[PDB]
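Hydrogens, waters and symmetry mates play no part in the numbers below; they use all other heavy atoms, side chains included. Order of the sequence lines fixes the chain letters, A, B, ..., with proteins taken first and strands second; residue numbering starts at 1 for each chain.
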Amino acid sequence: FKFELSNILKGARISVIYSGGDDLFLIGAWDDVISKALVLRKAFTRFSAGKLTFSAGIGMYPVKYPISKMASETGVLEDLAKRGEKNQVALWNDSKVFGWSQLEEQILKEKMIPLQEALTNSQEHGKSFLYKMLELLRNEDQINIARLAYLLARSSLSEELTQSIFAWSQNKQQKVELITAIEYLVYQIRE
RNA sequence: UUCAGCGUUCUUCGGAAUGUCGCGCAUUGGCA
């Protein structure tokens, strides 16, 4: 907490308000805070050789927004993660609580990276297509599953991604990861 | 040689929205 933490966070736009196994508080750029939070969980397990788990709450706030409010709201997110599924992290919203491995791979690697590479390659697609997909996923109507499939056929995205998105939407866990992965990509792509 | 029309098609195939923004600013916070 006091020494290795400086090397783990090295190179990231993060300021550590306080440290320690009792309570850890860091304020940083959101993409950096998430990536370093994942690095920390992997390091903690390695350092402890397992048998030790860390629960965290991650929140996204405008810079002008008050620190006390940031601290209070993020405390609640940490509490969500702590009460059940203590290893799992809570990110941005109460609705999104994810295991650290889930957040790192089943969301930021299996879903966000394909979508990211697909969008960049496609000259025919854009944030607006990703917003359309998100609106269907958010509504959660059975018809939207069908409407997403019509959008996917029109979209012409690579078939394996098309099928993977379709499968993800039908599975409840995959869709929350798909929603989060799309939202993370939109936050990253947005200027 | 006269007397008559009769039957069959009644719309078809594509394209079914797309791209762009997806809140910003002030107070507050932060730095001094």
- Counting only heavy atoms not in A:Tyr18, do more than 12 fall under 6.0 Å of its OH? yes
- Message: Looking at B:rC23 and its strand neighbour B:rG22, are the six-membered base rings less than 5.5 Å apart at the centres with planes tilted under 30 degrees?
- Response: no
- Item | A:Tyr65 atom OH, over 12 foreign heavy atoms within 6.0 Å | yes
- Note on the structure: Whole-Å distance, A:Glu183 CD to B:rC23 P, equals 10 Å
- Should A:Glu140 and A:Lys172 count as an ion pair when the cut-off is N to O under 4.0 Å? no
- For a salt bridge (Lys or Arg N to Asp or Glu O under 4.0 Å) with A:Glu104, tell me which candidate from A:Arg41, A:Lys42, A:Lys109 qualifies. A:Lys42
- Query: Are B:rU12 and B:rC13 stacked bases, their six-membered ring centres under 5.5 Å apart and their planes under 30 degrees apart?
  - Reply: yes
- When rounded to the nearest 0.5 angstrom, what distance separates CH2 in A:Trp168 from CG in A:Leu148? 11.5 Å
- Query: Taking A:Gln88 for the side chain and A:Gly99 for the main chain, is one N or O donor matched with an acceptor at less than 3.5 Å?
  - Reply: yes
- Item | A:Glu191 side-chain N/O to A:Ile189 backbone N/O, donor-acceptor pair under 3.5 Å | no
- Item | Parallel, tilted or perpendicular: rings of A:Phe44 and A:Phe1 (30°, 60°) | perpendicular
- Dot-bracket notation for RNA chain B, counting Watson-Crick and G-U pairs under 3.5 Å, with | for partners on another strand: ................................
- Rounded to whole Å, CG of A:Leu151 lies from P of B:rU18 at a distance of 7 Å
- Between A:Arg13 and A:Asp31, is there a side-chain N and carboxylate O pair less than 4.0 Å apart? yes
- Task: Using a heavy-atom cut-off of under 4.0 Å over every strand shown, decide if A:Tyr150 touches base, sugar-phosphate, or nothing.
- Result: sugar-phosphate
- Hey, can you check B:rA16 for me, is the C1'-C2'-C3'-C4' torsion putting it north or south? south
- Considering only atom P, compute the distance from B:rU8 to B:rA4 and round it to an integer number of Å. 22 Å
- CA sep, side-chain torsions, deciding dist, call: A:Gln163, A:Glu159, side chain to side chain donor-acceptor pair (under 3.5 Å): CA-CA 6 Å; A:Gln163 270 80 71; A:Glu159 278 311 297; 3.0 Å; yes
- Taking RNA chain B as the partner, which of residues 120-141 of chain A come within under 4.0 angstrom of it by heavy atom? A:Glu124, A:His125, A:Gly126, A:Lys127, A:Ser128, A:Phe129, A:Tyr131, A:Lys132
- Side chains of A:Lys86 and A:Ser55, donor plus acceptor under 3.5 Å: no
- Nucleotide-resolved protein contact map, nucleotides 24-32 of chain B, B/S/- at heavy-atom distance under 4.0 Å: S-SSBBS--
